């Protein structure tokens, strides 16, 4: 009818219907936080607009926008400040396209043990889309970035209900901002951005967690220092170590802003307790990382005792989900299936889950028990 239960404690959620969306998992209403049912990820490598997850921090999201009047302001340490219309962006700059995953920093938080506060998400706060727009590099070049610039800040039309609450503003290094991959996206899967995915313009930051992908983007400021806004200084911090992790229950001694994705993979065509026919069993799924390239995906049907090489599907780009397929011989009985990816710089997935106080960056090897008969 209208609820689902996610596979962790206090997992009940409403299935909710928003304009332009299929039924999604409602986490919060004000502001909207909507998660994608896991079944979607087996339906194709590109997440449809009507299924794409939604995350916001502040209730004052825009609900009326005149696209003709909309302006993107470029200001700060630039030679010529700019006020660009959507028509200007579409017409005055050559377009770029990239197929890229957007994933919430806390995707899978609900599975973290011990549990931690925050958005209690299963694995559906991620999606893959074909984004089209203007490379940020081109717009900043037009403005003329000044020597001494260090960072670029990004803000959108949303705001807090009470003005003392910190506005949602994020920052990138100037060298990242001008790398040619960071994009001012005005199109998602060949359409104007869905409302809750940041209509009419958003920042796309391939290979970086979603907090940077500022929606309803209208203000870009080039600055000559590190930005000290709340959402960079205090929120979205990870431990400053290789594992981005601490001993369960312990705070990090040093932190840095969250940044690039770690390596993840999932089996998408079976879930816990699924039935398969003993014999050769086809498995399939996805893998992704921070944009280095998935080198291989290995699949196990005996809880990681032995591994089989999956065949990777043709790629859509280094920032996309990478599809994979494997056919494994399964004897009659229960089997714990796992998949484990590695990328082109040797990053991989841990067999045992790690922990950090915010419950960010989960990427443990996923296990799925199936029944072969």
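Residue numbers count along the first chain shown, from 1.
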Using the B-factors recorded in the PDB entry, average over the C-alpha atoms of 317-325 and of 63-71, then report which stretch comes out higher. 63-71
Look over 148-156 and 249-257 in the entry and identify the one with the greater average Cα temperature factor. 249-257
At the C-alpha atoms, which of 203, 86, 174, 270 reaches the highest B-factor in this entry? 270
If I read the C-alpha B-factors straight from the PDB entry, which of 299, 182, 232, 244 is highest? 244
Place residue 306 in the lowest, middle or highest third of its chain's C-alpha B-factors, as listed in the PDB entry. highest
Mind checking which third residue 95 falls in for C-alpha B-factor across the chain? highest
Within this chain, which third does the Cα B-factor at residue 274 fall in: lowest, middle or highest? highest
By the record's CA B-factor, is residue 10 among the lowest, middle or highest third of residues in the chain? middle
Binned into thirds over the chain's modelled residues, the C-alpha B-factor of residue 335 lands in the highest
